[PDB]
Each structure stands twice: as C-alpha cells, then as structure tokens.
Amino acid sequence: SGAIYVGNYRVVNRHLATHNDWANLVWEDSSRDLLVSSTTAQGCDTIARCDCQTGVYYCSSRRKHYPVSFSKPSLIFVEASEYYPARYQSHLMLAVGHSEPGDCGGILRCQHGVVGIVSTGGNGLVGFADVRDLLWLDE
Ligand SMILES: CSc1ccccc1OC(=O)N1CCC[C@H](C(N)=O)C1
Ligand SMILES: [Zn+2]
C-alpha cells in the first residue's frame, strides 16, 4: 500500500484504488497501473523532474529503504494477475531489489523528489510506475 500526496492530488496504484478514489477521479491509465484522485487537504510531497536512474525506495515487506539502479521508463510485459490480464505495462522502470505484492505503493525517490511508486516485481526484481512525466501534478 502507499500513495503520493502532491497539491490537491493523491496518486495510487490503479489496482489498489478505493471507492473514494474512483468517486473523486481526476485521471487513470490501466496501461500504467496509475490512478489520480482529488483531495481537500494540501499534500506533503514534491515530484522529481529529472532523468535520474538511481534512487531509494521503501519496501514495506522489510520495513526498510533500499538503494536501486533502475531502467528508463519503458513498455514491459507483465504476466496476468487477479487485477489484470497478461499485457504490456507502459512507463515502467525495473530494478534489482526485494518486493512482494503488498509492497505496491512504496515511494521511489531521488535527490530531486518523488520519481514513482512500486507497481510490479518478482524473483529479486522490483518495478516502479514513473510519475515524472505528469507535469500537471504540480502545474
Ligand atoms: C511488488 S508487486 C509483485 C512483487 C513480487 C511478485 C509479484 C508481484 O506482483 C506483481 O508484479 N503484480 C501484481 C499486482 C499488479 C501488478 C501490475 N502492475 O500489473 C503485477
Ligand atoms: Zn532526480
């Protein structure tokens, strides 16, 4: 679980969005596993606008943060799950690091701010949904 709170927006994994997120929907993209909903309170986070390929992510299944080197956002095949059929997920960045399904929503940050959230993983890999291209999050 986990979200990014920026301005009057909440960014969550689309597969974990709640009834309230869908009732206050701003934008969603199943191909990216992202959903953004509106909030009444001003958010705590800031978004990186950079090309960093290293950073630190939070891993809830270890209660720890880990440093990672990750690939640039790209189209990657993701096997079927209870949430989606087998498909290509876009704007996904892979890295070597521990993750389990419940880790989705953990933030990845570089020295410039929030880069993205955990969205996929497996066998010593962890994948992050990039948010750096969503310029409208802090217009
Ligand atoms: C950190 S997720 C994870 C980690 C290890 C093993 C499996 C994991 O589950 C995934 O890769 N899934 C399940 C939830 C939806 C994901 C998606 N974005 O399509 C794909
Ligand atoms: Zn950066």
# chains A, B, ... in the order shown; residues from 1 in each chain; ligands from 1

$ residues_around --residues "residue A:111" --least-positions-apart "6" --cutoff "9 Å" --atoms "only C-alpha atoms" --output "tab-separated table (two decimals) with C-alpha atoms, in the first residue's frame"
chain	number	residue	atom	x	y	z
A	48	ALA	CA	11.22	14.99	-9.34
A	52	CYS	CA	17.90	10.08	-12.58
A	55	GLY	CA	17.36	6.40	-6.06

$ residues_near_ligand --ligand "ligand 1" --cutoff "10 Å" --atoms "only C-alpha atoms and all ligand atoms" --output "PDB file with C-alpha atoms, in the first residue's frame"
ATOM      1  CA  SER A   1       0.000   0.000   0.000  1.00  0.00           C
ATOM      2  CA  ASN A  13      -1.655   2.161  -7.927  1.00  0.00           C
ATOM      3  CA  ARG A  14      -4.811   1.837 -10.055  1.00  0.00           C
ATOM      4  CA  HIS A  15      -5.320  -1.777  -8.860  1.00  0.00           C
ATOM      5  CA  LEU A  16      -5.400  -0.599  -5.209  1.00  0.00           C
ATOM      6  CA  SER A  30      -4.758   0.899 -16.798  1.00  0.00           C
ATOM      7  CA  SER A  31      -1.690   0.515 -19.087  1.00  0.00           C
ATOM      8  CA  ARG A  32       0.441   2.376 -16.459  1.00  0.00           C
ATOM      9  CA  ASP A  33      -1.271   0.965 -13.290  1.00  0.00           C
ATOM     10  CA  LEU A  34      -1.889   4.577 -12.125  1.00  0.00           C
ATOM     11  CA  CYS A  59       9.958  -1.795   0.932  1.00  0.00           C
ATOM     12  CA  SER A  60       7.074  -2.461   3.350  1.00  0.00           C
ATOM     13  CA  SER A  61       7.761  -6.246   3.442  1.00  0.00           C
ATOM     14  CA  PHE A  77       5.439  -7.435 -20.466  1.00  0.00           C
ATOM     15  CA  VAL A  78       3.672  -8.200 -17.124  1.00  0.00           C
ATOM     16  CA  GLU A  79       2.165 -11.671 -16.528  1.00  0.00           C
ATOM     17  CA  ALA A  80      -1.569 -11.989 -15.660  1.00  0.00           C
ATOM     18  CA  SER A  81      -2.615 -11.382 -12.045  1.00  0.00           C
ATOM     19  CA  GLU A  82      -6.024 -11.202 -10.320  1.00  0.00           C
ATOM     20  CA  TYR A  83      -6.065  -7.468 -11.257  1.00  0.00           C
ATOM     21  CA  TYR A  84      -5.089  -7.504 -14.965  1.00  0.00           C
ATOM     22  CA  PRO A  85      -4.770  -9.867 -17.912  1.00  0.00           C
ATOM     23  CA  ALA A  86      -1.254 -10.502 -19.297  1.00  0.00           C
ATOM     24  CA  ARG A  87      -0.305  -7.199 -21.038  1.00  0.00           C
ATOM     25  CA  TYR A  88       2.447  -4.616 -21.654  1.00  0.00           C
ATOM     26  CA  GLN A  89       2.608  -2.042 -18.876  1.00  0.00           C
ATOM     27  CA  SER A  90       3.998   1.322 -20.081  1.00  0.00           C
ATOM     28  CA  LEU A  92       7.612   1.037 -16.050  1.00  0.00           C
ATOM     29  CA  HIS A  98      13.206  -7.284  -2.977  1.00  0.00           C
ATOM     30  CA  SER A  99       9.461  -6.877  -3.407  1.00  0.00           C
ATOM     31  CA  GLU A 100       6.202  -8.795  -2.682  1.00  0.00           C
ATOM     32  CA  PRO A 101       2.656  -7.832  -3.948  1.00  0.00           C
ATOM     33  CA  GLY A 102       1.763  -5.845  -0.802  1.00  0.00           C
ATOM     34  CA  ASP A 103       4.798  -3.624  -1.488  1.00  0.00           C
ATOM     35  CA  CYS A 104       2.900  -1.764  -4.256  1.00  0.00           C
ATOM     36  CA  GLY A 105       2.590   1.934  -3.398  1.00  0.00           C
ATOM     37  CA  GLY A 106       6.064   2.274  -1.796  1.00  0.00           C
ATOM     38  CA  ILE A 117       5.716   4.090  -6.887  1.00  0.00           C
ATOM     39  CA  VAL A 118       6.273   0.301  -6.660  1.00  0.00           C
ATOM     40  CA  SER A 119       3.935  -1.414  -9.158  1.00  0.00           C
ATOM     41  CA  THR A 120       5.417  -4.837 -10.143  1.00  0.00           C
ATOM     42  CA  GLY A 121       8.068  -7.339  -9.041  1.00  0.00           C
ATOM     43  CA  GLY A 122       9.273 -10.893  -8.775  1.00  0.00           C
ATOM     44  CA  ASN A 123      12.271 -13.120  -8.037  1.00  0.00           C
ATOM     45  CA  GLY A 124      14.568 -10.348  -6.779  1.00  0.00           C
ATOM     46  CA  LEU A 125      13.129  -7.668  -9.104  1.00  0.00           C
ATOM     47  CA  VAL A 126      11.064  -4.589  -8.315  1.00  0.00           C
ATOM     48  CA  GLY A 127       9.288  -2.371 -10.897  1.00  0.00           C
ATOM     49  CA  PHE A 128       8.202   1.251 -10.437  1.00  0.00           C
ATOM     50  CA  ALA A 129       5.467   3.189 -12.227  1.00  0.00           C
TER      51      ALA A 129
END

$ closest_atom_pairs --of "chain A" --to "ligand 2" --cutoff "8 Å" --atoms "only C-alpha atoms and all ligand atoms" --output "JSON lines"
{"residue": "A:48", "atom": "CA", "partner": "ligand 2", "partner_atom_place_in_ligand_line": "1 (Zn)", "distance": 5.6}
{"residue": "A:49", "atom": "CA", "partner": "ligand 2", "partner_atom_place_in_ligand_line": "1 (Zn)", "distance": 6.7}
{"residue": "A:50", "atom": "CA", "partner": "ligand 2", "partner_atom_place_in_ligand_line": "1 (Zn)", "distance": 4.7}
{"residue": "A:51", "atom": "CA", "partner": "ligand 2", "partner_atom_place_in_ligand_line": "1 (Zn)", "distance": 5.9}
{"residue": "A:52", "atom": "CA", "partner": "ligand 2", "partner_atom_place_in_ligand_line": "1 (Zn)", "distance": 4.3}
{"residue": "A:53", "atom": "CA", "partner": "ligand 2", "partner_atom_place_in_ligand_line": "1 (Zn)", "distance": 7.6}
{"residue": "A:54", "atom": "CA", "partner": "ligand 2", "partner_atom_place_in_ligand_line": "1 (Zn)", "distance": 7.9}
{"residue": "A:55", "atom": "CA", "partner": "ligand 2", "partner_atom_place_in_ligand_line": "1 (Zn)", "distance": 7.7}
{"residue": "A:109", "atom": "CA", "partner": "ligand 2", "partner_atom_place_in_ligand_line": "1 (Zn)", "distance": 7.6}
{"residue": "A:110", "atom": "CA", "partner": "ligand 2", "partner_atom_place_in_ligand_line": "1 (Zn)", "distance": 4.7}
{"residue": "A:111", "atom": "CA", "partner": "ligand 2", "partner_atom_place_in_ligand_line": "1 (Zn)", "distance": 5.4}
{"residue": "A:112", "atom": "CA", "partner": "ligand 2", "partner_atom_place_in_ligand_line": "1 (Zn)", "distance": 4.4}
{"residue": "A:113", "atom": "CA", "partner": "ligand 2", "partner_atom_place_in_ligand_line": "1 (Zn)", "distance": 6.6}
{"residue": "A:115", "atom": "CA", "partner": "ligand 2", "partner_atom_place_in_ligand_line": "1 (Zn)", "distance": 7.2}

$ closest_residue --among "A:29, A:45, A:139, A:133" --to "residue A:10" --atoms "only C-alpha atoms"
A:45

$ closest_residue --among "A:114, A:40, A:2, A:65" --to "residue A:137" --atoms "only C-alpha atoms"
A:114

$ closest_residue --among "A:91, A:18, A:8, A:138" --to "residue A:116" --atoms "only C-alpha atoms"
A:91

$ atom_distance --atom1 "atom CA of residue A:56" --atom2 "atom CA of residue A:68"
5.9 Å

$ select_by_dssp --residues "chain A" --states "strand (DSSP E)" --output "VMD selection string"
chain A and resid 4 to 6 9 to 13 25 to 29 34 to 38 54 to 59 64 to 69 74 to 78 87 to 96 107 to 110 113 to 122 125 to 130

$ write_last_selection --atoms "C-alpha atoms" --output "PDB file, in the first residue's frame"
ATOM      1  CA  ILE A   4       1.884  10.231  -3.272  1.00  0.00           C
ATOM      2  CA  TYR A   5       0.185  13.425  -1.990  1.00  0.00           C
ATOM      3  CA  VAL A   6       1.010  16.478  -4.148  1.00  0.00           C
ATOM      4  CA  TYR A   9      -3.946  15.208  -5.806  1.00  0.00           C
ATOM      5  CA  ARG A  10      -3.462  11.661  -4.450  1.00  0.00           C
ATOM      6  CA  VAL A  11      -1.520   9.222  -6.745  1.00  0.00           C
ATOM      7  CA  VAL A  12      -2.102   5.491  -6.067  1.00  0.00           C
ATOM      8  CA  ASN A  13      -1.655   2.161  -7.927  1.00  0.00           C
ATOM      9  CA  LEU A  25     -11.313  10.556 -10.086  1.00  0.00           C
ATOM     10  CA  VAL A  26      -9.036  13.003 -11.941  1.00  0.00           C
ATOM     11  CA  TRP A  27      -7.231  10.605 -14.310  1.00  0.00           C
ATOM     12  CA  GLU A  28      -6.464   6.885 -14.649  1.00  0.00           C
ATOM     13  CA  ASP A  29      -4.462   4.689 -17.026  1.00  0.00           C
ATOM     14  CA  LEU A  34      -1.889   4.577 -12.125  1.00  0.00           C
ATOM     15  CA  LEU A  35      -4.880   6.469 -10.759  1.00  0.00           C
ATOM     16  CA  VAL A  36      -5.018  10.074  -9.504  1.00  0.00           C
ATOM     17  CA  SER A  37      -7.864  11.368  -7.329  1.00  0.00           C
ATOM     18  CA  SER A  38      -8.605  14.825  -5.889  1.00  0.00           C
ATOM     19  CA  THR A  54      19.398   5.777  -9.183  1.00  0.00           C
ATOM     20  CA  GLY A  55      17.362   6.399  -6.058  1.00  0.00           C
ATOM     21  CA  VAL A  56      15.976   4.845  -2.861  1.00  0.00           C
ATOM     22  CA  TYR A  57      12.654   3.010  -2.402  1.00  0.00           C
ATOM     23  CA  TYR A  58      10.599   1.984   0.589  1.00  0.00           C
ATOM     24  CA  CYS A  59       9.958  -1.795   0.932  1.00  0.00           C
ATOM     25  CA  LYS A  64      13.340  -0.748   5.179  1.00  0.00           C
ATOM     26  CA  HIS A  65      14.555   1.536   2.425  1.00  0.00           C
ATOM     27  CA  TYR A  66      16.936   0.208  -0.259  1.00  0.00           C
ATOM     28  CA  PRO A  67      19.119   1.956  -2.859  1.00  0.00           C
ATOM     29  CA  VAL A  68      18.455   0.941  -6.517  1.00  0.00           C
ATOM     30  CA  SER A  69      19.732   1.432 -10.100  1.00  0.00           C
ATOM     31  CA  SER A  74       9.575   1.606 -20.923  1.00  0.00           C
ATOM     32  CA  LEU A  75       6.932  -0.896 -22.181  1.00  0.00           C
ATOM     33  CA  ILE A  76       7.441  -4.190 -20.274  1.00  0.00           C
ATOM     34  CA  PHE A  77       5.439  -7.435 -20.466  1.00  0.00           C
ATOM     35  CA  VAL A  78       3.672  -8.200 -17.124  1.00  0.00           C
ATOM     36  CA  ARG A  87      -0.305  -7.199 -21.038  1.00  0.00           C
ATOM     37  CA  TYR A  88       2.447  -4.616 -21.654  1.00  0.00           C
ATOM     38  CA  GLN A  89       2.608  -2.042 -18.876  1.00  0.00           C
ATOM     39  CA  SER A  90       3.998   1.322 -20.081  1.00  0.00           C
ATOM     40  CA  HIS A  91       6.216   3.899 -18.225  1.00  0.00           C
ATOM     41  CA  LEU A  92       7.612   1.037 -16.050  1.00  0.00           C
ATOM     42  CA  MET A  93      11.200   1.068 -14.605  1.00  0.00           C
ATOM     43  CA  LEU A  94      12.826  -2.170 -13.400  1.00  0.00           C
ATOM     44  CA  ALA A  95      15.452  -2.671 -10.737  1.00  0.00           C
ATOM     45  CA  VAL A  96      17.049  -5.478  -8.723  1.00  0.00           C
ATOM     46  CA  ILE A 107       7.727   5.500  -2.955  1.00  0.00           C
ATOM     47  CA  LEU A 108      10.925   5.665  -5.044  1.00  0.00           C
ATOM     48  CA  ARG A 109      12.809   8.996  -4.529  1.00  0.00           C
ATOM     49  CA  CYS A 110      15.983  10.526  -5.938  1.00  0.00           C
ATOM     50  CA  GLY A 113      11.941  14.377  -5.245  1.00  0.00           C
ATOM     51  CA  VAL A 114       9.435  11.578  -5.865  1.00  0.00           C
ATOM     52  CA  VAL A 115      10.173   9.535  -9.006  1.00  0.00           C
ATOM     53  CA  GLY A 116       7.408   6.901  -8.839  1.00  0.00           C
ATOM     54  CA  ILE A 117       5.716   4.090  -6.887  1.00  0.00           C
ATOM     55  CA  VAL A 118       6.273   0.301  -6.660  1.00  0.00           C
ATOM     56  CA  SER A 119       3.935  -1.414  -9.158  1.00  0.00           C
ATOM     57  CA  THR A 120       5.417  -4.837 -10.143  1.00  0.00           C
ATOM     58  CA  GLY A 121       8.068  -7.339  -9.041  1.00  0.00           C
ATOM     59  CA  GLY A 122       9.273 -10.893  -8.775  1.00  0.00           C
ATOM     60  CA  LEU A 125      13.129  -7.668  -9.104  1.00  0.00           C
ATOM     61  CA  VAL A 126      11.064  -4.589  -8.315  1.00  0.00           C
ATOM     62  CA  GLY A 127       9.288  -2.371 -10.897  1.00  0.00           C
ATOM     63  CA  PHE A 128       8.202   1.251 -10.437  1.00  0.00           C
ATOM     64  CA  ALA A 129       5.467   3.189 -12.227  1.00  0.00           C
ATOM     65  CA  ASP A 130       7.099   6.527 -13.261  1.00  0.00           C
TER      66      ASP A 130
END

$ atom_distance --atom1 "atom CA of residue A:19" --atom2 "atom CA of residue A:132"
25.8 Å

$ closest_residue --among "A:97, A:24, A:39, A:70" --to "residue A:7" --atoms "only C-alpha atoms"
A:39

$ select_by_dssp --residues "stretch 1-125 of chain A" --states "alpha helix (DSSP H)" --output "PyMOL selection string"
chain A and resi 19-23

$ write_last_selection --atoms "C-alpha atoms" --output "PDB file, in the first residue's frame"
ATOM      1  CA  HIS A  19     -14.278   3.527  -3.784  1.00  0.00           C
ATOM      2  CA  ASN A  20     -13.404   7.096  -2.668  1.00  0.00           C
ATOM      3  CA  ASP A  21     -10.528   7.400  -5.175  1.00  0.00           C
ATOM      4  CA  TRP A  22     -12.916   6.454  -8.023  1.00  0.00           C
ATOM      5  CA  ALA A  23     -15.594   8.865  -6.720  1.00  0.00           C
TER       6      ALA A  23
END
